[PDB]
Every structure is written in C-alpha cells, then in structure tokens.
Protein chains: 2
Amino acid sequence: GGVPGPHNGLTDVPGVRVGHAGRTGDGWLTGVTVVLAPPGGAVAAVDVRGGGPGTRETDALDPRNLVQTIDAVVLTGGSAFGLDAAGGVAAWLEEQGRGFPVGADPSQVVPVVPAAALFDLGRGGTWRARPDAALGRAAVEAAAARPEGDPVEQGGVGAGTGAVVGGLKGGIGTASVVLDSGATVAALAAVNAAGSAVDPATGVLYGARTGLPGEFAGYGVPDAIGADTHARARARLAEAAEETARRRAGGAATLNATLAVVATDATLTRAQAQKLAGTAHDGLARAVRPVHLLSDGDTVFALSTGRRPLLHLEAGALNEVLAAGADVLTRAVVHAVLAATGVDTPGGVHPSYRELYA
Amino acid sequence: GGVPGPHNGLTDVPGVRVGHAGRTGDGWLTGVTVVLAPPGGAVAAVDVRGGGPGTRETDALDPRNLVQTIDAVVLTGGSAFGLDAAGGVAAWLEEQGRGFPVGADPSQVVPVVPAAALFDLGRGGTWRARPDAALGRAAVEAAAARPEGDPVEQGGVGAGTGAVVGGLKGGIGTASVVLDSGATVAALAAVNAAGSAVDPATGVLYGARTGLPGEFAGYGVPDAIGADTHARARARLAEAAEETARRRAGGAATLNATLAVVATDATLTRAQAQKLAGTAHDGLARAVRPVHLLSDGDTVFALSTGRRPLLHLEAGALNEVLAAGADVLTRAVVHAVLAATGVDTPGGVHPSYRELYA
C-alpha cells in the first residue's frame, strides 16, 4: 500500500488500455487519446465541472440510466469540432461487437462513447486542423494493439499534443497508487488549464508535495529552485506569452481545460464511480490554481473494472478509493507538466517547465 | 390569446427556422431535423429525462456555464451513430461565422451544437444506414434556405422519417399557441416512443383533449371511434407488430425516444428556459403513456429568441409560458401521430393512426 503500481500509470489497473493518435507539423498540433476498458466494459461515470465544456454522451452516464457499462472514453483536441473523433471510435466498437445489445443478433450493438474536448485551435499554425473520425479510430486501434499493463506514453501525445497549461507546454500525464486492499487507483490527465501548475512565488509545482517518494526524480529538476532561476523562468514565460499573442490572430487561446480519466479495479457502482469522478476534481485543484473557471472545460470520467470487491466498513473502503482518486490526479498533472517538451510553431511558443527550471 | 400562431408550428416563433433532410428507399429510412435560431442565436436549455439518451453538448447548456446562446439544435435518427450528423451542422455554422467567439478575428468561432438521437436502426432494411455529417449539413442548409414564418413540414420527414410510436408510425409534429401577452410558445416533436399515444380502451389519442378548437379537423378522423373500428385497429396493429418482429433480426426495436424542441419569443434566462424544458415533459406525459422509461431517450430542448419582455408579476408571466410549453408539446405529439403515413419495408411494418381509424 501507498506505492505506485508497476509503471505508475493508468494501465496499472489491469485490463485498461490507452491509445494516442496525433498530428504534428505542416500546420498541425493536435490529437486524440482513448481509454479502452477490457472486454466486457467498465462501470463508468462523469463529473463535468469546468464552465466551458465540450462533451458527448454524458447524460448516458447518469446513475439512473439504462447502460450499465461502456468500453471507451475519448479525450480530444479540436474543441467542439474534435468531438467528431468519437464517431470513429463508435464505428470501431461496432465492428468489434462492443456496445449495448440491441437484439438477439449479437452484432447489433449501440456503443456509448463519452467524449470531452479541449481547446487547442491553431497551435500548429492552421486553424481548421482538428481531430476527425479517422484520428479517433486510429487512437482506439492503437489502444487495442497494446498488451495489458503497457506503460502509458506521456508528454505531447494524443489529446496532450497541443495542450498548454498556464502558458507552459502541457500534455498527457499519468499516475497510480496501490491501496492496502491490493486495489489500484490511477489517473490519466490531458492538461490544458488556464491556471498555473506552478506557484508564482517560488516556481515549485503545486502538485509536487502530493508526490510519492522519488517518483519525479527521473525528470531531473533541482530539489530547490533558486530565486534567480525562478526570475529567469518568469521572464522567459512572460515573453513567450507576448510572442504567442502576437503570432495568433485573436491572440492567446480563450478556452482551456483539464480532461481526465480515473480508474480502479475496486468494484464500484455507477453512483460510487460518480462520487469518485467528483472527488478526483479536488486533486486537480491541488495541482492547478485557479481551476474550474468559466473558461475551463474540466471533465473527469471515472471507471471501475469491477475485478476486486471493495471489502462503516464499506464507507471506509470507499473513502480510501475516493481520497486516492484525488491524489492520483494531482500526481498525474505533475507528471504531465514534467513530461512535456516545449514547442515553437506559428500558432504558439510554449516552453516546458523543465526547459525553464531544470 | 389561446389560439395557434399563423401556421400552428414552431416557426410561428419569429426568426426560428426548421430544416429536414432524410433518406428513404434502397435500405434507408432515417433523417435529421435541425432547428435554427435567428442570427444572434437564442438562449437555450435542456432537460434530458429518458433513461436511454443519446446526446451531445448537453453540459454546455447548464445555466452555470460560459456560452450564453446557441444557433442550432440537432434531432437525429441513427441512435448514437446519428450524433455524427451534428459535426456537419457545426461545420456549416463555422462557415457562417456563427458560434462562440474565440478571438478578435470574427471568423474564429466554436459552435455549440447540442444534439439528441432516436433509435430507428434497420427500419429501411439496412442496419448501418444512419445519418452522417453530410445529412446533418443538408438539414441545416435546408433550414437556412427557408423564410421566416414558413410552415413546418410534418410526418415522415427529417428525424421523424424512421420514427415509430407504440408500433404505429410516428414522425414529426408541431404546434403553437399565442399568449395573452402576444408572445408565442411552440413545440416540434420527433415521436419514437415505446409507449402508446392511443388509449387502449377506446382508440382515442391521449393528447386530443388538450387540443384547441378544430386544429385536428383537417386530418379527417371521426369524432367518435366505434368499438369495432377500435377492435379492427388493435388486431391490425398487433399483427403488424408480429410481422415486424419476424422481419427484424433481433426483433422489434428495444430503444425508443421522443425528442422535442420548445421555443418562445418571450425573453427567458437560461434557468427559466431550463424550467420550461422541464415542464414541457409534462406535456409529453399527457400525450403518451408510458413515457420516460429506461428504454426511452426522451429529451427536450428549450429556446428563447429574447424578443419580448416577459412583462408575483414575473412569476405569473413565466407560469403562463411554462403551462403553454407543456400544452404545445402534447399537441405537437398528436399532430405527429395524425400527420404520419404508414410504412412497409424489410425492417418494419408500421401502419399510421389514420390508416387504422380514419
């Protein structure tokens, strides 16, 4: 208990797969990330908490409703246009015979494919360069081709490709933790927030103090940030923001988001998963400030693979999952910020945290 | 006050336009209906009340959230697959420069395009025959080409093309009423319900007693339904259900819905519109029984064009709109049932009410 799973990421929840598909260069800087549940699906829920969401099939995840499990969740760039990516994932799922059965014929299924989008328009240079159905299909096909327990690719990949967090380059990050029960809780985040992951007084990452021992040491940031390193970094970022606003037509992006999936193999009901999606947002708050503004499309999906029974008793057990859910999202955000590498395109200049502070 | 607007339909709300695009024959029986607000958009809200919804961009319509008006709502066949239609509408809206402004450049917009889908799969014979982006685009282009105050086409058109209500042919129906204030409230429904629009004891349409004087007389149904007419009708419908189940692979459709848009030119806040979308569902209940089951994806969007001020005073004024909202949806359902003509395809036999009772 209290240590990461084998690869410190979402796929430490057994049977979960992650696929990215992206387009970089020639005007493009965007992509799609798909989380694919194991065969049979997963109990799913959602908490859409940002004031500027762009979303699909969220109503279907209400605890009152018909469909009891789903197979895929889609995180995408392209703002609302990028929701087109989810159609490709639904098509693939139908081909696989995975969805709500609508007859005695087992090939006849309706896939419930929730999606959330983040705003990254123009960050490669070309405004109408957004994910489409083919790019979504590519992402789920990439997910399906991976084995169980495959390390998750972080950084400027999938939905994180064009992601920017408080002016710094954002991206995909992931983290896991093992509970005393043996259950794993984990998160994957695509971090494109308006607010800052960095304390403006010190340069320290807000989320870092929620880290487990040594988990960030591979990224090689100094344990203490010198005041003049922070001074140089603030100026460097301020000027990249100036230049970004210059290059861009209507200046810097006005819409932002952090998108996440939190997963566990602990068996949850849909309502319990809905609570977990809610508590996960608290972890976002600890890693980024401010969050959940009107400009933010922050969305957390929660999944349970239902492979381990939970066991005042059940309540305590669930509380451990809920608390972990927040912590893994906090840690996933820090990993996203650290895994990022800077970009410089006609649609934006966005240095990475490590470029400024390492 | 207390009479229909000029054409007794949704476009009696000035500036509202309706477009249908459908595909019939060669395996197909489906389509898309788009409600297009006038330039500048309309205040919008939603109440998703069915237990089996298939939906897009509903979170964006929460009263707490950023976007203050929208331009188009999409109702579609094809179940969840048909949500693909909304991408075509978003594309058209971008070309028109209509959406949330994301910069000083006015061409840079993000259209918020809510959608709801109904299950009509296989009703033309071909299972994978579902609306796509091109069909959605065609529907909004058709809407835009119409003048203000254009009569709404009812029957087996647009999203109503493949619609079935309690085994009878469903379709598109519409109705309006003028308030004492001079404001108009109106509804458009695509009626594909599991439950019955017909009282099984008598053959009378549940919604008929909510009708205004003479509004259904054009459809030429007898004022009184003879018991042996009802006997013949029940047997005829029972056998069409038998045959439909025979023809279909996994038998009769398992998912159902009634989709609607209610509109007014009375100025509403988003929260007031959300209340109106809620009270509209009561009108559905009066026209169809049962409704809002797990098998049902019932969704009502509410729109206000904001052209007439509302004026205990404001409360009374709103109550008149809320009560009207229910009534126009009840009446729209009856019009849908009466406007329908029967179908007989490899994917279903669905006689119309008038075929059985007129």
Side-chain angles (χ1 to χ4, degrees), chain A residues 7-11 17-25 28-36 50 54 73-79 82 85 115-124 129-131 135-136 138-140 142-143 146 150-175 186-195 197 205 207 219 253 255-262 284 287-288 291 296-301 328-345 347-348 350-355:
Chain A
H7 296 303
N8 198 11
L10 195 73
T11 56
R17 289 169 171 83
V18 174
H20 307 296
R23 235 181 120 161
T24 298
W28 289 74
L29 192 75
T30 196
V32 182
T33 294
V34 175
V35 177
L36 182 65
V73 172
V74 179
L75 311 181
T76 187
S79 191
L118 57 85
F119 183 98
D120 62 358
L121 306 196
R123 292 203 173 126
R130 306 168 298 223
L135 200 62
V140 71
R146 298 316 311 149
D150 199 49
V152 174
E153 191 176 15
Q154 302 186 113
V157 296
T161 302
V164 171
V165 52
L168 288 166
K169 191 67 180 70
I172 295 293
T174 193
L188 177 145
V191 185
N192 187 57
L205 295 161
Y219 303 104
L255 304 177
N256 310 89
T258 299
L259 313 180
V261 177
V262 172
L284 177 51
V288 180
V291 285
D296 297 344
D298 305 338
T299 302
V300 176
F301 299 97
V328 293
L329 185 45
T330 303
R331 293 163 55 224
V333 173
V334 178
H335 281 288
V337 171
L338 289 174
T341 58
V343 301
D344 185 334
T345 82
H350 301 288
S352 72
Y353 181 83
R354 276 195 287 114
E355 283 159 11

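We name chains A, B, ... by the order of the sequence lines, and we start the count at 1 in each one. Values reported hereafter were calculated over all heavy atoms of this structure, with side chains retained and with hydrogens, waters and symmetry mates removed.
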K.L.:
Could you give the distance from CG (A/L259) to OG1 (A/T33), rounded to the nearest 0.5 Å?
P.N.:
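Here the rounded value is 9.0 Å.
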K.L.:
How would you list all residue pairs meeting salt bridge (charged side-chain N to carboxylate O under 4.0 Å, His left out) that involve residues 157-167 of chain A, not counting sequence neighbours?
P.N.:
none
K.L.:
Could you report the tightest heavy-atom contact between A/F301 and A/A115, atom names first, then the distance?
P.N.:
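Looks like CZ-C, 3.9 Å.
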K.L.:
My understanding is that only residues two or more places apart in sequence, or in another chain, count here; which of them pass side chain to side chain donor-acceptor pair (under 3.5 Å) with A/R17?
P.N.:
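Expected list: none.
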K.L.:
For the pair A/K169 (side chain) and A/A163 (backbone), establish whether a donor and an acceptor sit closer than 3.5 Å, ignoring hydrogens and angles.
P.N.:
yes
K.L.:
For the residue pair A/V328 and A/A186, what are the closest heavy atoms and their distance?
P.N.:
CG2-C, 3.6 Å
K.L.:
Answer yes or no: is there a side-chain heavy-atom contact under 4.5 Å between A/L329 and A/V300?
P.N.:
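Heavy-atom side-chain distance check passes, below 4.5 Å.
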K.L.:
How long is the straight-line distance from OG1 of A/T76 back to CG of A/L135, given to the nearest 0.5 Å?
P.N.:
7.0 Å
K.L.:
Do the side chains of A/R331 and A/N8 get nearer than 4.5 Å, heavy atoms only?
P.N.:
yes
K.L.:
Which atom names give the shortest non-hydrogen contact between A/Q154 and A/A339, and what distance separates them?
P.N.:
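Taking A/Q154 first and A/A339 second, the nearest heavy atoms are CB-CB, 3.8 Å.
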K.L.:
What I'd like to find out is whether the side chain of A/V165 reaches to under 4.5 Å of the side chain of A/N192, using heavy atoms alone.
P.N.:
no
K.L.:
What's the shortest heavy-atom distance between A/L118 and A/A159, and which atoms?
P.N.:
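The answer is CD2-O, 3.6 Å.
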K.L.:
Pick out which of A/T330, A/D296, A/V333 makes a side chain to side chain contact (heavy atoms under 4.5 Å, CB included) with A/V288.
P.N.:
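Testing A/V288 for a side chain to side chain contact (heavy atoms under 4.5 Å, CB included) against A/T330, A/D296, A/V333 leaves exactly one candidate, A/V333.
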K.L.:
Would you check, one step at a time, whether the test side chain to side chain contact (heavy atoms under 4.5 Å, CB included) holds for A/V35 with A/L10?
P.N.:
CA-CA 9 Å; A/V35 177; A/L10 195 73; 3.8 Å; yes
K.L.:
OG1 of A/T174 to NE2 of A/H335: how many Å apart, nearest 0.5 Å?
P.N.:
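Taking OG1 in A/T174 and NE2 in A/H335, the distance rounds to 8.0 Å.
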K.L.:
Would you check if there is a donor-acceptor pair between the side chains of A/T30 and A/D120 at a distance under 3.5 Å?
P.N.:
yes
K.L.:
If we only count heavy atoms from C-beta on, is the A/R123 to A/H350 side-chain gap below 4.5 Å?
P.N.:
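A side-chain contact under 4.5 Å exists here.
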K.L.:
Please report the shortest heavy-atom distance between A/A332 and A/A175, naming the atom on each side.
P.N.:
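Between these two residues, the closest heavy atoms are N-CB, 3.7 Å.
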K.L.:
About how many Å separate OG1 of A/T11 and CZ of A/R146, when rounded to the nearest 0.5 Å?
P.N.:
10.0 Å
K.L.:
Please determine which of A/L188, A/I172, A/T299 meets the side chain to side chain contact (heavy atoms under 4.5 Å, CB included) test together with A/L75.
P.N.:
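In the set A/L188, A/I172, A/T299, the residue that makes a side chain to side chain contact (heavy atoms under 4.5 Å, CB included) with A/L75 is A/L188.
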K.L.:
Looking at every heavy atom in both A/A257 and A/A117, which two are closest together, and how far apart are they?
P.N.:
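That would be CB-O, 4.3 Å.
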